[PDB]
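**Student:** Its first residue numbered 21, the sequence shown is counted upward by one per residue in the UniProt record's numbering.
Below: one structure in structure tokens.
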Amino acid sequence: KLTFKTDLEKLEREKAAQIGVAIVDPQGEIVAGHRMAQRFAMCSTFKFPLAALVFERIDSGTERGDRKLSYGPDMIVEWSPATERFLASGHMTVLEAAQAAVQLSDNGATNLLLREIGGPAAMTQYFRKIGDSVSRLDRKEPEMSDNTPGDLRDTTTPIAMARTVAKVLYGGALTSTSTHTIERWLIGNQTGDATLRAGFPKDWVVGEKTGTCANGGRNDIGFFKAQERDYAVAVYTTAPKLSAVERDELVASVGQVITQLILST
Numbered sequence: 021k022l023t024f025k026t027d028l029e030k031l032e033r034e035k036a037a038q039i040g041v042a043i044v045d046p047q048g049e050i051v052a053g054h055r056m057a058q059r060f061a062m063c064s065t066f067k068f069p070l071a072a073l074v075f076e077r078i079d080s081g082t083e084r085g086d087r088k089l090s091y092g093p094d095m096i097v098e099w100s101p102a103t104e105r106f107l108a109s110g111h112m113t114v115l116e117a118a119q120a121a122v123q124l125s126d127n128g129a130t131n132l133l134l135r136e137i138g139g140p141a142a143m144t145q146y147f148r149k150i151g152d153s154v155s156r157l158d159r160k161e162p163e164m165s166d167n168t169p170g171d172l173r174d175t176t177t178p179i180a181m182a183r184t185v186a187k188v189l190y191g192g193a194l195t196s197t198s199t200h201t202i203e204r205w206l207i208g209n210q211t212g213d214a215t216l217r218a219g220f221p222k223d224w225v226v227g228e229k230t231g232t233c234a235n236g237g238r239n240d241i242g243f244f245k246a247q248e249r250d251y252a253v254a255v256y257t258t259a260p261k262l263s264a265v266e267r268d269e270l271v272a273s274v275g276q277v278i279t280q281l282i283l284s285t
């Protein structure tokens with residue numbers, strides 16, 4: 021954990037990167053952190069809290085999972101693989117869109133959900149509702165992923181986001197059924213094979229949501245269960261000089277550093 025700190029600092033120095041990490045227990049108590057209260061662009065990681073918001077609405081009855089959301093080609097933006105496939109049919113359901121947002125990082129599907137829930141202002145309100153006074157969504161995709169240096173729009177901190185993850189997965193933010201559904205979606209995420217979970221032991225149960233932003237942002241948030249011990253984790257990195265593959269490797273390396281800490285107990 022001094023090794024944790026110094027191993028992360030070594031990665032930072034050698035990769036010309038900044039690494040923000042928070043690990044918390046199911047009740048949000050701090051296990052470890054590095055630059056844990058530095059703001060970083062959320063990028064696509066917000067799609068996980070967005071899905072949680074959607075499930076809260078399903079749980080309350082203010083939304084219905086199989087409700088059909090109609091759209092045209094205007095909703096197709098960069099990286100909308102599922103939305104493009106469903107375009108001719110003319111709709112995606114609330115649940116289809118949410119699953120695509122989480123597991124494919126589909127931007128069109130994300131924006132479709134934003135259209136339905138009240139836009140960035142409503143996403144921010146949900147963060148506040150679940151005790152997160154830090155995370156903020158200001159824009160839709162892909163512009164929210166601009167990550168202009170210094171911009172506080174569309175940011176979170178590792179500790180705020182890790183606590184948000186814990187509240188959603190362990191802190192009773194959702195019904196047991198909705199919690200299980202979102203957990204399984206995270207485990208089945210299609211975009212994270214080379215990032216955090218690549219650095220964790222293969223018997224840990226891991227689910228996560230990645231992000232990639234301009235100006236070198238590469239992020240991964242979620243949970244892991246090391247045997248019987250449950251943790252929430254948020255990793256945000258900025259590495260402008262690395263290639264895309266090297267950024268993946270950086271996050272996997274952070275996964276290893278996390279593992280080394282966790283295994284020591």
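Ideal placement from N, C-alpha and C gives every residue a C-beta, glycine not left out.
Please list the terminal residues of the continuous beta strand (DSSP E) segment that includes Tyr190.
**Tutor:** Looking at the DSSP string, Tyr190 is not in any beta strand (DSSP E), and its letter there is neither H nor E.
**Student:** My assumption, with CB atoms under 8 Å, is that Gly275 sits in contact with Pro178. Please give the rounded CB distance.
**Tutor:** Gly275 to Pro178, Cβ: 14 Å. No contact.
**Student:** Would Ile43 pass as a contact of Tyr251 if the rule is Cβ separation under 8 Å?
**Tutor:** yes
**Student:** Give me whichever residues DSSP pairs with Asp250 in a beta bridge.
**Tutor:** Looking at the DSSP output, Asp250 sits in a beta bridge with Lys245.
**Student:** Mind checking whether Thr176 and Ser155 have CB atoms under 8 Å apart?
**Tutor:** Taking 8 Å as the cut-off, the beta carbon of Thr176 is found closer than this to the beta carbon of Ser155.
**Student:** Taking the alpha carbon of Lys160 as the reference point, which residue from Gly48, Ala52, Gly170, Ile137 has its own alpha carbon closest?
**Tutor:** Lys160 has its Cα closest to that of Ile137, out of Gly48, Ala52, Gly170, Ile137.
**Student:** Exposed or buried, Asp240, counting other C-beta atoms within 10 Å across all chains shown (16 or more means buried)?
**Tutor:** buried
**Student:** Enumerate in chain order the residues of its own chain whose CB-to-CB distance from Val277 is below 7 Å, with the five nearest sequence positions on each side excluded.
**Tutor:** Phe24, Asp27, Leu28
**Student:** Which residue's Cα is closest to the Cα of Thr211: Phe106, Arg148, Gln247, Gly242?
**Tutor:** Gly242
**Student:** Starting from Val271 and walking both ways along the beta strand (DSSP E), at which residues does that stretch end?
**Tutor:** Element bounds for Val271: not the beta strand (DSSP E) but the alpha helix (DSSP H), 264-283.
**Student:** Using beta-carbon positions only, say whether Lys261 and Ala36 come within less than 8 Å of one another.
**Tutor:** Yes, they are a contact pair.
**Student:** Give the secondary structure of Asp158 by DSSP, where H, G and I count as helix, E and B as strand, and everything else as coil.
**Tutor:** coil
**Student:** Residue range of the beta strand (DSSP E) that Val226 falls in?
**Tutor:** 225-233
**Student:** Could you tell me the distance, in whole angstroms, from the CA atom of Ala108 to the CA atom of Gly92?
**Tutor:** 9 Å
**Student:** Looking at the unbroken alpha helix (DSSP H) that takes in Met143, where does it start and where does it end?
**Tutor:** 139-149
**Student:** Could you give the distance in angstroms between the alpha-carbon of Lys149 and the alpha-carbon of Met143?
**Tutor:** 10 Å
**Student:** Could I get the ranges of all uninterrupted alpha helix (DSSP H) runs contained in the segment 103-141, with 4 residues as the minimum, in chain order?
**Tutor:** Inside the segment 103-141, DSSP marks whole alpha helix (DSSP H) runs of 4 or more residues at positions 114-124, 127-137, from first to last along the chain.
**Student:** Rank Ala254, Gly236, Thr215, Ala264 by C-alpha distance to the C-alpha of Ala52 and give the top, closest one.
**Tutor:** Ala254
**Student:** How far does the alpha helix (DSSP H) with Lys35 in it reach, from first residue to last?
**Tutor:** 22-35
**Student:** Cutting at 8 Å between CB atoms, please list the residues of its own chain near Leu124, excluding the five before and the five after it.
**Tutor:** Contacts found: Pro101, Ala102, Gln210, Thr211.
**Student:** Can you tell which of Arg55, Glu83, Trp224 has the C-alpha that lies nearest to the C-alpha of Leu283?
**Tutor:** Selected option, being the one with the closest Cα: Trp224.
**Student:** Does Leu70 come out as helix, strand or coil in the three-state DSSP assignment?
**Tutor:** helix
**Student:** Helix, strand or coil for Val185 per DSSP?
**Tutor:** helix
**Student:** Return helix, strand or coil for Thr65, following the three-state DSSP convention.
**Tutor:** helix
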